[PDB]
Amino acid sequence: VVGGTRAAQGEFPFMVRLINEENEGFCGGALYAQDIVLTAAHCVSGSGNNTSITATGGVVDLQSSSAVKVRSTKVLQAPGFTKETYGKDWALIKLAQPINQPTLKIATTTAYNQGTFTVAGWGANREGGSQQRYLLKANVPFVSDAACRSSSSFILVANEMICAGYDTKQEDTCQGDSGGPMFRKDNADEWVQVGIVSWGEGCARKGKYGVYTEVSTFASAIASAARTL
């Protein structure tokens, strides 16, 4: 997370750090349920059963004695996600144990798709940099479809993707943050999830933004997939 500060311990406790000893991969995630994690489609390989992935939770410090490590049991990747565009970039992961921490509610409408979103993960703070040890937090403004459209050299898919961050300011999610939730407060003072960190042109680039899977568009399709897991 480029130019972020430190998450206080327990601040966003629905946070997960994901490591896929199968595809050799490091993502973020959120506890949709206490044993189901919401994350990026591209952070995983296929759908089906998978004993391979290790979600760590409860700590903001990836090392503390206290983390809870739990192995995946089965993985559900959005059918129709295309690696070719990171389009429809969402996936669920079931856990073997459940994690007793507080979970993150998801937007089931678009009501909350404006203004300032909070983002977090353990990804790199410099583009090209190492993964972190302590969970970092940062703020990023909503960027319109239009504004984002123009600025991007890859193609941006209307309701599936939503944009956020700054023109020039050194504050953006970065390599290793994928799968972490983009979220913000709702009218009833609760965090709601609007994004999954998906991709961007580099990290915090001049004239470049951050792209996020638009939870609201898939919330339906998601809600329905957990219930089979």
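Each residue number is its position in the shown sequence, starting from 1.
Novice: Where do the C-alpha atoms have the higher mean temperature factor in this entry, in 173-181 or in 60-68?
Specialist: Stretch with the greater average CA B-factor: 60-68.
Novice: For residue 36, return the chain-relative third of its C-alpha B-factor as stated in the PDB record: lowest, middle or highest.
Specialist: Its C-alpha B-factor belongs to the middle third of this chain's values.
Novice: Could you place residue 198 in the lowest, middle or highest third of its chain by Cα temperature factor, using the values in the record?
Specialist: Lowest third, going by the recorded CA B-factors of the chain.
Novice: Check where residue 9 lands among this chain's C-alpha B-factors and tell me if it's the lowest, middle or highest third.
Specialist: Highest third.
Novice: Quick check for you: using the entry's CA B-factors within this chain, is residue 87 in the lowest, middle or highest third?
Specialist: Middle third by C-alpha B-factor.
Novice: Place residue 123 in the lowest, middle or highest third of its chain's C-alpha B-factors, as listed in the PDB entry.
Specialist: Middle third by C-alpha B-factor.
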